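Here is the structure we will look at, set down as structure tokens.
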Amino acid sequence: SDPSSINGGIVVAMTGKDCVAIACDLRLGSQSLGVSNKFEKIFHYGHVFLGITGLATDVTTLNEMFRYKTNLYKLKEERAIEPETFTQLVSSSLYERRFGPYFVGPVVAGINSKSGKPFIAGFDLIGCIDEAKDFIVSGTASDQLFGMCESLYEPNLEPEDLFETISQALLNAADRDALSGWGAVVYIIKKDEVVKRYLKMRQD
Amino acid sequence: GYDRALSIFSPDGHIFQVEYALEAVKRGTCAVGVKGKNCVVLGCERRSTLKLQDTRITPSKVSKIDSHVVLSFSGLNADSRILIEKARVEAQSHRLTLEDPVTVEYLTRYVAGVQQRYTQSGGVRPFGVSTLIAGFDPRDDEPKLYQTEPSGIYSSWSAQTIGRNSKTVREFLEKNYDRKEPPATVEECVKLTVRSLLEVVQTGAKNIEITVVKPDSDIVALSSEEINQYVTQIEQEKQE
Amino acid sequence: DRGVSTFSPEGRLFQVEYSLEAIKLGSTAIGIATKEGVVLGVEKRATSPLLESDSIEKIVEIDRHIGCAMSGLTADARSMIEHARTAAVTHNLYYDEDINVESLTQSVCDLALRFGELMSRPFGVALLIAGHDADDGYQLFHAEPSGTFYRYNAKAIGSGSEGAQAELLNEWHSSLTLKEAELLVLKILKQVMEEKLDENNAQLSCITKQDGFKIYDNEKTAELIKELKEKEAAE
Amino acid sequence: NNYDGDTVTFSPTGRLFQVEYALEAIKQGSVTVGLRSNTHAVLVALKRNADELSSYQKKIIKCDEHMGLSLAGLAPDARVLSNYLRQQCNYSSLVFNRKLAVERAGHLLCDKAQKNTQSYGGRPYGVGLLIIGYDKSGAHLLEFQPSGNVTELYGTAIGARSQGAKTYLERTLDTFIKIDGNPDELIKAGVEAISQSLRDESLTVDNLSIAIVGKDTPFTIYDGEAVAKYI
Amino acid sequence: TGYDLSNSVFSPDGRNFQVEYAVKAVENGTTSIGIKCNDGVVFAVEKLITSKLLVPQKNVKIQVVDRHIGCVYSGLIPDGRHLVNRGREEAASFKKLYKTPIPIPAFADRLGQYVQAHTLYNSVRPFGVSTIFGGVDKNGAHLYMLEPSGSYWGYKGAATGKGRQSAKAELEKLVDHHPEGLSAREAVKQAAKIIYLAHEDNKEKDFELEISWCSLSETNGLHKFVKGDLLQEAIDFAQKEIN
Amino acid sequence: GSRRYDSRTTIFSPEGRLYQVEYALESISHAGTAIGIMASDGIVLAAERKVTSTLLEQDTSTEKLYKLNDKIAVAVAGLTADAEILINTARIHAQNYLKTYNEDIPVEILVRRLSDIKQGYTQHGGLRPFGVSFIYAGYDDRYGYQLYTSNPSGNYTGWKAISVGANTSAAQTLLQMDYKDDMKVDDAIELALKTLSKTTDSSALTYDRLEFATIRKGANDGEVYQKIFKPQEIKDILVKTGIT
Amino acid sequence: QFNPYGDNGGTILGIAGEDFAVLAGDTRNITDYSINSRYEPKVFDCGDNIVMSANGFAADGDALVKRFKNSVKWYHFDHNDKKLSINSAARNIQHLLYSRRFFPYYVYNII
Amino acid sequence: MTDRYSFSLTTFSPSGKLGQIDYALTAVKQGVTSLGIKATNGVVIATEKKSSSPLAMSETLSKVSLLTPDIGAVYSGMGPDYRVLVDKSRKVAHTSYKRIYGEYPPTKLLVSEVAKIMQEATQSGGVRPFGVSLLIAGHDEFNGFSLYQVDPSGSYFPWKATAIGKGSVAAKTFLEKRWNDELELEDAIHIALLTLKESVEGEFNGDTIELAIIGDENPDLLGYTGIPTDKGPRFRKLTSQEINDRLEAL
Amino acid sequence: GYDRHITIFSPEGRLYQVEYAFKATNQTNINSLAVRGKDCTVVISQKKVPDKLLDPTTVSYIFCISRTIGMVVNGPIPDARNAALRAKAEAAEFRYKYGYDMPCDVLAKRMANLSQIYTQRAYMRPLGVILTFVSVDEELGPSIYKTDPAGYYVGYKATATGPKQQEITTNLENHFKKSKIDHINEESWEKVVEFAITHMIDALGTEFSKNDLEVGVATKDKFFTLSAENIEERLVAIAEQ
Ligand SMILES: [Cl-]
Ligand SMILES: [Mg+2]
């Protein structure tokens, strides 16, 4: 019944030293039933990355919507949108549905191309921004991710160290949630290179 | 909203805007329709003032309204798109509500009704377009060929032409087309359609388009070489 | 320019008077009412020999007991016929009965003056509405774009109207049979038509209480034409 | 001239030509006569035909059991205005259980016609009406002009050659007003009045149209052999 | 030129010729007047008897708004009725919201704004009437006169129509000869006289006199028509003065 | 009323022409010449800026060549302000199609529609038409490289090479002469610039009086790249082809 | 909560003969256990030799009869004083009733 | 009532001219001279305060207007038309941008929105074109400093320097000789004052001249402290005294 | 020549309907004047009651828009009242929405914007009036702001409007050229009214009785008009020195 927990899923993002990381599970379900193990929840618009948890139809709908809006932004501005600006666009677009909201938990991750500063942010379903320095969590295992991130995270981690921290936070949180798992993906993001790694995890 | 009455009567009982819409049709490229015993052929002129054209992507003169009905026209090109779109929407709407494809007579009556509506509606001008609508009714082997015009009147024709120099090709068809014995085959029907256009067209190269429609949704457009063979045979017989 | 609903100094609506000129250019239509039925006949007037004449539909069914012939800008008649048919059938829905010919005619004429700056101009077509009901029997009406309708024993509209009306003045009497009326319409049509009258360029129809509204076949009309020629040659 | 293109334009002398042209349509229309006593009110109308095969255009329309009118000019405009009266008479009955006063019916027609004379796009009504009725203050006769002017009268006439009938009624004023409790004699005076407006043609059985309303008489129309008595 | 063909168009003078043409329709109409007295107002009007067939005392021209305001006008009669219908709507909405009956100055502006609105667009025609109106409110008696342009002022006496000059001259004499004021019953008598004197400009056809009044003492501040003996007394006084 | 002042923008002449469309075309004939040339391996768009000034900031300027999406571009001839209204509608459009079908919009579908909008202004509404002619250069996987034009009438046609704006009569003759079907982009670039150089009303054709763009499959492997040329890049290609 | 319906009781009876018909009904009007009126007419002459009675909720019954009487009046105006047949009246009443299909007239009707 | 002018009042003539736009440009020509010059580290916009009466307080009438903290505007032509355009330009900067992206629009996009409004008045029903030409100077992070002209047609062009109105032809010639790509802001202000003196007849001082700049951030004009990233508006209107100081070194 | 009937541009770039609306302004043949004191703003206007039948108390071109703002109009009374009613509505709406009294200059701008719309939109005609708004603003002090049919508005040290505005304008110009200040250096408003009347007398060259003038005075937190007897007292003080 609860739209935020029908399909299940999780997203987590972390900052490092001159880098960010964003990760998600691959599960899509109908409550107890597992339907897909290839439902990626992370999308990118230029160099800005967006992870979305919650109701899958709204996840898909919002992706197509932000693709729409960022493509027009670029044609008019003659430049790619930045994370700080995109974060405001997400907030705006969610609050315009204040009394009929998208049942989602978005997470923005990216590096400002000009300043070089790593940036992450999270939202509630109606646009309240959570701009954090350390990490952002979202999904059905958000409580689990908070416990892992808060204990495992330390500032100024290098990309290859940050990878291990975010991966372990995700994996162990997912294994304590019935509605999350069935695969996992981690994006490691630097100012001009991005690596994407699929993790090996238990498939139950 | 803009409500101005543009189409109105004049002292002598004429609606000039509807009559001036017919002048736009007179300017348009020639289009011809000929129905045989078991088929209908639609011929269309392409003015050769425009070369360096990309014939792959250029809007074709004959348009499919459904799988069993086609529509050609003479007059303003942009106006014709609006009629064709409406006709296509209605064709699907008819299938959706009555579970049968439109008859050629029904589709013509709809298109003609749209044209008429634009002759007594405020803020709009008449369509500068006359159409030839051809095809076969579902589960029927009798050929159908109708004509419409800006005023909204429509009628069925054994053979008919519209557009520039249509007076000349109609003259040709009136003496060559026999009702008691129409073109028995596809060849005879296409040949007569090409012959009629050769009275007006100029060159028989890329200026003539032909589209054959047969029963049971069998519609095909002839190529340049196939048409050129008809042009060759006609003139070789003429040299005598 | 000038308003569409403007009065002339003589007290007439310019647009209504101009629409009447368009009707004079239209093909001839004749109606004759008798005690055995009402006959309706029209000139088809094909613009070319290649035009399949049977597709020319200038006589039209409104209901089983009401028919209609037209003259002028015939494209304008389609929405009037549509309204008439809807009115006739809607009344059958609400009242479980046939609708009076006068009431139907009145419903059509209510559209006439709904023009201004609603539609942008008056209709450019006149209608002969013929029918039968239990109250007033066999009736023939002439519906104009002015919104006025007159009942007639016999009436001609179109290009040869005043010549035909003068002929209908002399020929009509209250004891006419249906067969006599059929021949009389054919006689007058043949007189005012440009081309020679035959079964392909002219159409007959009638409305009787028993059989209702019927458009005549070309084979049936052809015999009535042949019957006419012989009776004119008889004296 | 330059000020007759639409109804929204005054002339330099303060005239409204479109309204005056609408008034002209009434003068072209067939004659109709109205007159009343203290007990009854009568309408007499000369109907017009297109030709010998045609019927005679109806001139009188019933609005309620106690009210109705005769027309002169554009008949479709009379149908619109009479329909409006029918609705207003009916609104008064359904809401207030009250028969509409004839004077108030005139005020409503005046106000409806006026809106058409002050606004752009529309046109004035091209018809004149003679309304008769019997209400709580007795018998009544009204004359409606499409300018908006409505006038309560003892008797009157409108249409072509209406001046002849109007003069007759002006002489007969003292006589016909006293015709109380006698409907046939009041109609006779009306038929004799409309006869003063005739030339060439005379009153035949399918030509004449009469209507009456009174104290214990609902609004009824007489046509055909029902008016042969008065010829 | 062409500036007079359309309403709401300024001429090179700065004039609205269409409104000036509407005034010509007012000047063509019958005479109507208003007289402000000690504790109220009196309205009177000339009704031309076009024919003997006109029923006497039936075609009433003076109209009441609410229960305390009287309105009379000269020119196009339907335009006046339209204006009064609006006045009644304005008065009804005022009382609905504010409880108290509409004050006369407040009412005057409601009409003024409405008439003025019909000089702002070419899609409407100006009003073909000058309207004399007034009554009694909490602050006493008020008399107003409103032109086609939307212009209105307060008046001691007012007159409009074909016999306005004759009337105005007579009103000016009353103002001079009665600085302390005029009584309500006197004003009715004087009103009758002025209409009779103003009838010399419409002397072809005979006429019918119609008078109304609002007075704090005589009518309890309510609008009433002058009827019966009081009307006949005023007619007799008027007939005596012309002879 | 208001009827007095209505120009009646959507009516036929006695000859059956649309007055305003014809007059809009007359306006466009005074606009800077724009040329499109389609090759086997790409498309070229060339256009002439109108009598510029030395104080005009060229590198941030855009009056002729606009980007509709990653695959489709347009050259403008006529009122720039009118063109931008239509350009933004076309951009929203391509995005609506992409959101609905999850595929890039076919070129013709985008063209047909801008042309349908233009058509509407000639048939209803009582408004003046858009005084704009477009040359559409685009690519999709159905027809490959495509050139279209649309004008204020709302009529559109496909081309191998085409010009709009000023001196189209002279420009079309020169293109018809030197164009061949087996032509390549580098050759088409040269043809476009040579044609402008001969048809221009200016004394000489320089980098500051030109806007230039190409659509090439000359992108790393099976994909398409749009290149809007910079002022310095236009200056280089003018020297390369041997015009300056 | 506001209940827009009520029950005014009463009973009606229609019997058809060979060349006649009767429509009877009691004259009592009630709410709950109280009597409102001992004589409140419930059967009406609607014109054209038709009698009608709407039994149940009096306010809806009075409104329907009032509307049908009005329908008869306009049938005369629109169709040249033609007599409304009983079968035509019945069909007309169906459309009056079904026009409020989603907020019904709480009455059983007999003509 | 109702607005019954639903048809265009600007239409193409047989020659292809849009008459009302041409006539609007003629109204701009009659208007008082205004100019704009772009420097390396700023932009300057200037105009004459043509006072209608000496009793009128010319300080209350502002020809140079702030649109956003980093964008300013000046005009030539009809003043009332300019005033309403500034009101709409200020509002559209919020509704179509700031309320969406949480930041002020870049110069070119705000100009684009203003241009759109002026184009619509050239095609929509029952309206005339705006009788003004705007010069819009501004700064934004990714485009730097910029100067745009916007005409009655809705067309806009970026300029290094330009002038509009009464003596624009002479003023543009003057600017062509003096302008280079290495100008500092103070040099541009000096050139602006020289250029503007040629078109002015009467008094030439800080009280008769209106001049503003887009330059460095003004933290003193921000109104609050505590947020490092908020450094204040780049738009600044020069005072009467500040102008007179630079007229002594003229 | 339909470019002279509606508000569209002529070939010269002019709006003739706006220019003709300016000419309607002087149709009443009345001259007005406005000046500022230290604590007050005074506005005077000629009063002409030609007809003896008129109630002179109702003849007025000065309006009380709000408690603080007063307005004098130069132009025909129907348009004047149209503007007055609108300004009153706007001033009231402003206070309701924004929680403080509408300033004089803000109201002037708002009315000027409305006037601008009539010069651009075709269906609406310009009002043939010039509106002079006066108050003692809580931020700006004594204030005079004037609006015209073109949609133009500006603040004033002093101002004059009417057929003989130029004569009054120059008279005021010459006074402020001597004193070298932007106002009338006077404590009481009574003496500022006396200044206003005196300088109108000198400029127009006509003497005034109590019924020939109409005076409006703006002080802190209220605007009010003077009665005939208040003006008489003012005229007596002028004559006695
Ligand atoms: Cl505003
Ligand atoms: Mg499991």
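Here's how to read the names in the structure tokens: chain A, B, ... by the order shown, residue numbers from 1 in each chain, ligand numbers from 1 in the order shown.
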
Using DSSP assignments from the backbone, pull out every residue in stretch 48-205 of chain I that falls under helix (DSSP H, G or I) and give it to me as a PyMOL selection string. chain I and resi 56-58+77-98+104-120+165-179+189-204

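Residues from chain H found within 7 Å of chain F are residues 4, 5, 7, 8, 11, 12, 13, 14, 15, 16, 17, 119, 123, 124, 125, 153, 154, 155, 157, 158, 159, 160, 161 and 176 of chain H, counting only C-alpha atoms.
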
Take the residues that were just selected and, keeping C-alpha atoms, output them as a PDB file, in the first residue's frame.
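Output (selection-v7.pdb):
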```pdb
ATOM      1  CA  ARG H   4     -12.720  42.998 -29.650  1.00  0.00           C
ATOM      2  CA  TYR H   5      -9.327  43.829 -31.218  1.00  0.00           C
ATOM      3  CA  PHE H   7      -6.455  40.896 -34.843  1.00  0.00           C
ATOM      4  CA  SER H   8      -2.943  42.167 -35.591  1.00  0.00           C
ATOM      5  CA  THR H  11       0.980  43.818 -40.769  1.00  0.00           C
ATOM      6  CA  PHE H  12       3.248  43.366 -43.797  1.00  0.00           C
ATOM      7  CA  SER H  13       2.861  45.980 -46.544  1.00  0.00           C
ATOM      8  CA  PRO H  14       3.341  45.119 -50.264  1.00  0.00           C
ATOM      9  CA  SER H  15       7.040  46.117 -50.038  1.00  0.00           C
ATOM     10  CA  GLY H  16       7.550  43.652 -47.148  1.00  0.00           C
ATOM     11  CA  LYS H  17       7.826  46.382 -44.514  1.00  0.00           C
ATOM     12  CA  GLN H 119       8.094  40.641 -30.165  1.00  0.00           C
ATOM     13  CA  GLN H 123       2.258  40.230 -33.502  1.00  0.00           C
ATOM     14  CA  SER H 124      -0.470  39.816 -30.828  1.00  0.00           C
ATOM     15  CA  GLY H 125      -3.971  41.233 -31.213  1.00  0.00           C
ATOM     16  CA  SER H 153      10.885  44.322 -33.306  1.00  0.00           C
ATOM     17  CA  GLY H 154      12.240  42.124 -30.495  1.00  0.00           C
ATOM     18  CA  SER H 155      15.600  41.675 -32.226  1.00  0.00           C
ATOM     19  CA  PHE H 157      22.380  42.190 -30.716  1.00  0.00           C
ATOM     20  CA  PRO H 158      25.456  42.016 -28.463  1.00  0.00           C
ATOM     21  CA  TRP H 159      27.746  45.071 -28.611  1.00  0.00           C
ATOM     22  CA  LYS H 160      31.274  45.991 -27.544  1.00  0.00           C
ATOM     23  CA  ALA H 161      29.979  49.555 -27.475  1.00  0.00           C
ATOM     24  CA  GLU H 176      34.619  53.288 -32.982  1.00  0.00           C
TER      25      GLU H 176
END
```

Taking only C-alpha atoms into account and nothing else, which residues of chain C lie no more than 10 Å away from chain B? Please answer as number ranges by chain. C: 3-4, 14-25, 46, 48-57, 73-76, 78-79, 115-124

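Counting only C-alpha atoms, residue B:224 has the following residues at most 8 Å away, ignoring those fewer than 4 positions along the same chain: residues 205, 206 and 228 of chain B.
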
How would the residues just picked look written out with N, CA and C atoms as an mmCIF file, in the first residue's frame?
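Output file selection.cif is given in full below:
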```cif
data_model
loop_
_atom_site.group_PDB
_atom_site.id
_atom_site.type_symbol
_atom_site.label_atom_id
_atom_site.label_comp_id
_atom_site.auth_asym_id
_atom_site.auth_seq_id
_atom_site.Cartn_x
_atom_site.Cartn_y
_atom_site.Cartn_z
ATOM 1 N N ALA B 205 9.547 12.902 -67.799
ATOM 2 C CA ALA B 205 10.627 12.373 -66.967
ATOM 3 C C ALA B 205 10.166 12.206 -65.511
ATOM 4 N N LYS B 206 10.579 13.114 -64.625
ATOM 5 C CA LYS B 206 10.231 13.036 -63.203
ATOM 6 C C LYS B 206 9.030 13.927 -62.880
ATOM 7 N N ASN B 228 8.378 5.723 -67.058
ATOM 8 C CA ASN B 228 9.110 6.082 -68.277
ATOM 9 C C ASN B 228 8.862 5.101 -69.428
#
```

Cut-off 12 Å, only C-alpha atoms and all ligand atoms, neighbours of ligand 1 as a PDB file with N, CA and C atoms, in the first residue's frame:
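Result file selection-v6.pdb:
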```pdb
ATOM      1  N   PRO H  80       7.324  56.032 -20.699  1.00  0.00           N
ATOM      2  CA  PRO H  80       6.306  55.165 -20.093  1.00  0.00           C
ATOM      3  C   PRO H  80       6.375  53.705 -20.553  1.00  0.00           C
ATOM      4  N   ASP H  81       6.638  53.488 -21.840  1.00  0.00           N
ATOM      5  CA  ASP H  81       6.844  52.135 -22.372  1.00  0.00           C
ATOM      6  C   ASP H  81       8.030  51.439 -21.696  1.00  0.00           C
ATOM      7  N   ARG H  83       9.222  52.098 -18.657  1.00  0.00           N
ATOM      8  CA  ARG H  83       8.906  51.860 -17.249  1.00  0.00           C
ATOM      9  C   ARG H  83       8.172  50.533 -17.044  1.00  0.00           C
ATOM     10  N   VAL H  84       7.163  50.272 -17.875  1.00  0.00           N
ATOM     11  CA  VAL H  84       6.405  49.017 -17.783  1.00  0.00           C
ATOM     12  C   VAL H  84       7.246  47.807 -18.195  1.00  0.00           C
ATOM     13  N   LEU H  85       8.134  47.992 -19.173  1.00  0.00           N
ATOM     14  CA  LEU H  85       9.048  46.921 -19.588  1.00  0.00           C
ATOM     15  C   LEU H  85       9.994  46.529 -18.457  1.00  0.00           C
ATOM     16  N   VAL H  86      10.473  47.521 -17.707  1.00  0.00           N
ATOM     17  CA  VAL H  86      11.320  47.273 -16.537  1.00  0.00           C
ATOM     18  C   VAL H  86      10.561  46.488 -15.463  1.00  0.00           C
ATOM     19  N   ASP H  87       9.299  46.849 -15.231  1.00  0.00           N
ATOM     20  CA  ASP H  87       8.450  46.123 -14.278  1.00  0.00           C
ATOM     21  C   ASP H  87       8.288  44.653 -14.686  1.00  0.00           C
ATOM     22  N   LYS H  88       8.022  44.421 -15.971  1.00  0.00           N
ATOM     23  CA  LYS H  88       7.859  43.065 -16.509  1.00  0.00           C
ATOM     24  C   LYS H  88       9.176  42.291 -16.537  1.00  0.00           C
ATOM     25  N   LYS H  91      10.022  41.130 -13.065  1.00  0.00           N
ATOM     26  CA  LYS H  91       9.146  40.030 -12.670  1.00  0.00           C
ATOM     27  C   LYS H  91       9.485  38.726 -13.390  1.00  0.00           C
TER      28      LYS H  91
ATOM     29  N   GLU I  90      -7.397  51.437  -5.588  1.00  0.00           N
ATOM     30  CA  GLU I  90      -5.998  51.005  -5.580  1.00  0.00           C
ATOM     31  C   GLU I  90      -5.327  51.287  -4.240  1.00  0.00           C
ATOM     32  N   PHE I  94      -3.952  48.365  -1.756  1.00  0.00           N
ATOM     33  CA  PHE I  94      -2.541  48.412  -1.371  1.00  0.00           C
ATOM     34  C   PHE I  94      -2.369  48.219   0.135  1.00  0.00           C
ATOM     35  N   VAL I 106       3.934  56.153  -5.342  1.00  0.00           N
ATOM     36  CA  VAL I 106       3.638  54.783  -5.766  1.00  0.00           C
ATOM     37  C   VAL I 106       2.267  54.723  -6.439  1.00  0.00           C
ATOM     38  N   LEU I 107       1.293  55.420  -5.859  1.00  0.00           N
ATOM     39  CA  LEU I 107      -0.030  55.551  -6.466  1.00  0.00           C
ATOM     40  C   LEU I 107       0.054  56.250  -7.820  1.00  0.00           C
ATOM     41  N   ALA I 108       0.838  57.322  -7.887  1.00  0.00           N
ATOM     42  CA  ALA I 108       1.043  58.046  -9.139  1.00  0.00           C
ATOM     43  C   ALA I 108       1.587  57.116 -10.224  1.00  0.00           C
ATOM     44  N   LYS I 109       2.591  56.316  -9.871  1.00  0.00           N
ATOM     45  CA  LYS I 109       3.177  55.345 -10.799  1.00  0.00           C
ATOM     46  C   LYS I 109       2.140  54.332 -11.275  1.00  0.00           C
ATOM     47  N   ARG I 110       1.369  53.795 -10.333  1.00  0.00           N
ATOM     48  CA  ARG I 110       0.329  52.814 -10.641  1.00  0.00           C
ATOM     49  C   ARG I 110      -0.694  53.374 -11.636  1.00  0.00           C
ATOM     50  N   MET I 111      -1.159  54.595 -11.388  1.00  0.00           N
ATOM     51  CA  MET I 111      -2.110  55.254 -12.283  1.00  0.00           C
ATOM     52  C   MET I 111      -1.466  55.582 -13.633  1.00  0.00           C
ATOM     53  N   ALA I 112      -0.176  55.909 -13.608  1.00  0.00           N
ATOM     54  CA  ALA I 112       0.583  56.167 -14.832  1.00  0.00           C
ATOM     55  C   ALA I 112       0.746  54.901 -15.672  1.00  0.00           C
ATOM     56  N   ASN I 113       0.940  53.759 -15.010  1.00  0.00           N
ATOM     57  CA  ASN I 113       1.019  52.472 -15.709  1.00  0.00           C
ATOM     58  C   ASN I 113      -0.307  52.119 -16.374  1.00  0.00           C
ATOM     59  N   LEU I 114      -1.405  52.344 -15.659  1.00  0.00           N
ATOM     60  CA  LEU I 114      -2.743  52.162 -16.226  1.00  0.00           C
ATOM     61  C   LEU I 114      -2.941  53.050 -17.453  1.00  0.00           C
ATOM     62  N   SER I 115      -2.496  54.300 -17.362  1.00  0.00           N
ATOM     63  CA  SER I 115      -2.563  55.224 -18.494  1.00  0.00           C
ATOM     64  C   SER I 115      -1.711  54.740 -19.672  1.00  0.00           C
ATOM     65  N   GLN I 116      -0.532  54.198 -19.380  1.00  0.00           N
ATOM     66  CA  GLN I 116       0.347  53.646 -20.418  1.00  0.00           C
ATOM     67  C   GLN I 116      -0.356  52.537 -21.198  1.00  0.00           C
ATOM     68  N   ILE I 117      -1.077  51.671 -20.487  1.00  0.00           N
ATOM     69  CA  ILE I 117      -1.798  50.558 -21.113  1.00  0.00           C
ATOM     70  C   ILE I 117      -2.806  51.054 -22.155  1.00  0.00           C
ATOM     71  N   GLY I 151       1.057  58.507 -19.982  1.00  0.00           N
ATOM     72  CA  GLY I 151       1.579  57.561 -19.000  1.00  0.00           C
ATOM     73  C   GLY I 151       2.856  58.067 -18.351  1.00  0.00           C
TER      74      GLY I 151
END
```

Let me have all residues with an atom within 10 Å of ligand 2, counting only C-alpha atoms and all ligand atoms, laid out as a ChimeraX atom specification. /A:32-34,177-182,202-204

Store the residues picked out above, limited to C-alpha atoms, as a compact mmCIF listing (two decimals), in the first residue's frame.
```
# COMPACT_ATOMS: atom_id res chain seq x y z
CA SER A 32 7.46 -9.60 -1.91
CA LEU A 33 7.96 -10.53 -5.58
CA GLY A 34 11.28 -9.70 -7.26
CA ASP A 177 16.51 -5.19 3.99
CA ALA A 178 14.08 -7.57 2.30
CA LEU A 179 13.15 -5.01 -0.38
CA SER A 180 16.72 -4.12 -1.45
CA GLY A 181 19.46 -6.08 -3.22
CA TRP A 182 19.54 -8.28 -6.34
CA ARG A 202 23.94 -12.39 -2.60
CA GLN A 203 20.88 -12.82 -4.84
CA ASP A 204 18.17 -13.48 -2.23
```

Shell of 10 Å around residue B:78, only C-alpha atoms, local chain residues under 5 positions omitted, as a PyMOL selection string: (chain B and resi 83+127-129) or (chain F and resi 112+115-116+118-120+122-123+153-156)

Dump as a PDB file, in the first residue's frame, selection limited to C-alpha atoms:
```pdb
ATOM      1  CA  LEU B  83      -7.450  18.113 -44.280  1.00  0.00           C
ATOM      2  CA  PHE B 127      -9.372  25.707 -47.775  1.00  0.00           C
ATOM      3  CA  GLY B 128      -7.639  26.546 -51.063  1.00  0.00           C
ATOM      4  CA  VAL B 129      -7.772  22.858 -51.963  1.00  0.00           C
TER       5      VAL B 129
ATOM      6  CA  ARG F 112       6.132  19.226 -40.675  1.00  0.00           C
ATOM      7  CA  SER F 115       5.253  24.238 -40.916  1.00  0.00           C
ATOM      8  CA  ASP F 116       1.786  23.383 -39.510  1.00  0.00           C
ATOM      9  CA  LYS F 118       3.020  28.641 -39.758  1.00  0.00           C
ATOM     10  CA  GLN F 119       0.056  27.361 -41.804  1.00  0.00           C
ATOM     11  CA  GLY F 120      -2.330  28.111 -38.927  1.00  0.00           C
ATOM     12  CA  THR F 122      -2.430  31.963 -42.679  1.00  0.00           C
ATOM     13  CA  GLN F 123      -5.877  30.348 -42.202  1.00  0.00           C
ATOM     14  CA  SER F 153       2.944  29.828 -46.208  1.00  0.00           C
ATOM     15  CA  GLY F 154       3.672  26.749 -44.058  1.00  0.00           C
ATOM     16  CA  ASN F 155       4.739  24.763 -47.113  1.00  0.00           C
ATOM     17  CA  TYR F 156       7.910  22.672 -46.825  1.00  0.00           C
TER      18      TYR F 156
END
```

From the list H:126, H:199, H:71, H:20, which residue is nearest chain B when using only C-alpha atoms? H:126

Surrounding residues of residue B:135 excluding itself and chain neighbours under 6 positions, 9 Å, only C-alpha atoms, as a PyMOL selection string: chain B and resi 39-40+68-71+103-104+143-145+213-215+217

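Atom CA of residue D:93 lies 28.5 Å from atom CA of residue C:100.
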
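All residues of protein, DNA or RNA that reach within 8 Å of stretch 28-30 of chain B, judged by only C-alpha atoms and not counting those fewer than 3 positions away in the chain, are residues 24, 25, 44, 45, 46, 47, 74, 75, 76, 161, 162, 163, 164, 165 and 166 of chain B.
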
Distance query residue H:58 at most 9 Å, only C-alpha atoms, self and fewer than 4 positions along chain excluded, as a ChimeraX atom specification: /H:49-54,62,207-208 /I:154-156

Can you list every residue of chain D that has an atom at most 9 Å from chain G, with its nearest atom pair and the distance in Å to one decimal, using only C-alpha atoms, ordered by chain then number, as CSV?
```
residue,atom,partner,partner_atom,distance
D:62,CA,G:77,CA,7.9
D:63,CA,G:77,CA,8.5
D:90,CA,G:70,CA,8.6
D:94,CA,G:66,CA,8.0
```
